[PDB]
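Next up: the same protein chain in two forms, each one alone, written as structure tokens (structure 1, then structure 2).
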Structure 1
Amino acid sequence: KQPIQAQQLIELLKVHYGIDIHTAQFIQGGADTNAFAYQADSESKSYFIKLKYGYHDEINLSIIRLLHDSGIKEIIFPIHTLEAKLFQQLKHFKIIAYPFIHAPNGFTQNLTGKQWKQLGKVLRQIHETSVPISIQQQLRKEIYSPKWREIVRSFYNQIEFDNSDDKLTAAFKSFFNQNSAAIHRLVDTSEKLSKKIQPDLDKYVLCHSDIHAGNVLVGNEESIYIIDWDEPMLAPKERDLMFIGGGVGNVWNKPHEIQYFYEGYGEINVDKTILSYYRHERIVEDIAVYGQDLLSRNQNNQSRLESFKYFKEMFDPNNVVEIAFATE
């Protein structure tokens, strides 16, 4: 499926980046969807290369460039091509080169107070970044879609006994039934809050959209880096703020973290209705996705059990559900 043989990277990295690589190897399952990852090493360093088919504008690259030129420092930026571009466009595919870095994320290594402040400073920088109209036209907009809420409601009648259910499906239905009150509350609260929110496009800002602890790395100089810029969007700032104290992954649920974050972010006028809407809606989105994986046999059972564990963890003490309810 690969557009090139790994050794063809030697020629390409030399030509377009001026880098001499002595060894390149395909990285299995590293990339996802339309992407192929490779490890290419220079006698001096190691590089992570991503190839993507196509010549259309990738929103990730457009936004990464905007933040780069805007001065945001806390991003792991691509290595520049010799023409000073963040990626090399070839005839039928693109090359995106990055330094091969290992940095623990916020789950692995909890942020220090200083890092919480830096995260607040950087996210405020991002939210205040002026977005050129050409790029605004490329960004998805928050439209308060009822898609996920509808899917979870479609599950209601499926929770009924079915003689053909397998072990995982039956266990999931039992758990759903035992937590039915909380599940309907998540859906109904997200729905109620969406109805009360009057969309104001003038207040939308550039948002990461999924900035949980797994997407912050603590790297060189003990500085933080925000990763996964694949699906940014224009939406109320609360789309991102909901994660501070949000408890995603059973971390980022402590009062002092919130204090340090806002000392850095500065803006304390946060719309509580929109913040509560996102915390409930993000859980609804996950119940729809992981719940469907349990009601269906689309993935193997080892994978379905992982979805089940994830689904249940959302209901643990101090996890996302309890924090969402506490927000409302």
Structure 2
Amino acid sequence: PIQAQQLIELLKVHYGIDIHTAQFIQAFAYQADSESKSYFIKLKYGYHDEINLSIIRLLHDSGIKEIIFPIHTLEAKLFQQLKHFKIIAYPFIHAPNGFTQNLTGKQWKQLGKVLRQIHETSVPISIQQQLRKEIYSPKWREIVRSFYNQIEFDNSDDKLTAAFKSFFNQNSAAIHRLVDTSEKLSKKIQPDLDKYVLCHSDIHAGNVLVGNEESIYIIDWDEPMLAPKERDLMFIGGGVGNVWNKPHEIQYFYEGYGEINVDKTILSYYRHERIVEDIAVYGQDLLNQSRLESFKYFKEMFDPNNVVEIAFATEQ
């Protein structure tokens, strides 16, 4: 939570960079410009998810360009824990995401090609033991069920808490189905750890910086995992963010992927499941500044042509 001069010194110290500016972008981040090059920094409190930087190494090694690589510290490292802590510099990519920038059909093909490399990238048996495995935890559903009961009129509510409690009832049917379906389809999947692949676990329009020309980047590798490829492929046609829902695009994607057979059941299951999770996530939050957003997003999940519909509409 520091300010320019503070940060400006750390970079000059640990990275050797001579930046004159270090704005802040409302774990924190800033756009620290140099005399010639712009950077994107990440200050993260407490040492966490080191189980991320691995994959970036493994991927950069795999020679996948669509992965923004960190900048080296004088110590020749990718970060600057500085006594347990953590700093991460990245060059600055002036580019909007799929929530702003639409992918040209061509670019879609390229997203197909990189998701495939990633899905075909072998994982060091060692690194494989730190990544999480898809076990179909009935956790999430239990968190949403604990909500059926949690809706009662308690004056000690709030203008915002009421609304959610309301809207949730105003859509109880849909939800139970999402839960009950995410429950039934799990009961049709026979875990096959022999097919699990290195999946980016949340690859929606929000995590693809759609640059110019014909260069794109895939980001946020905080929670990569080993699972049925459909874990990622489900986002193609997903509708997350009220985008990536045009069927004519699902084609451009798989043309850069390859037609490797797709288990429509893991695809359906994962589609209801991610919702249940958000409902359980945005949910448990609305029961302090994100509560305003966690409800705006929560409600969009039910708007025309968004994840909830696409989940119930068998368009696979």
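When a residue number appears, read it as a position in the sequence of structure 1, where counting begins at 1. C-alpha atoms forming the largest set that superposes within 1.5 Å between two forms make up the rigid core.
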Listing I224, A213, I244, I96 as candidates, which single one shows a C-alpha movement of 2 Å or greater between the two structures when the core is held fixed? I96
Examine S194 after superposing the rigid core and state whether its CA is displaced by 2 Å or more between the two structures. no
Spell out whether the Cα of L139 moves at least 2 Å between the two structures when the two forms are superposed on their rigid core. no
Comparing between the two structures on the rigid core: C-alpha of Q109 shifted by 2 Å or more? no
Once the rigid core is matched, what's the CA displacement of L275 between the two structures in angstrom? 0.4
Give me the C-alpha shift of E11 between the two structures, core superposed, in Å. 7.1
Rigid-core-fitted C-alpha displacement of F311 between the two structures (angstrom): 1.1
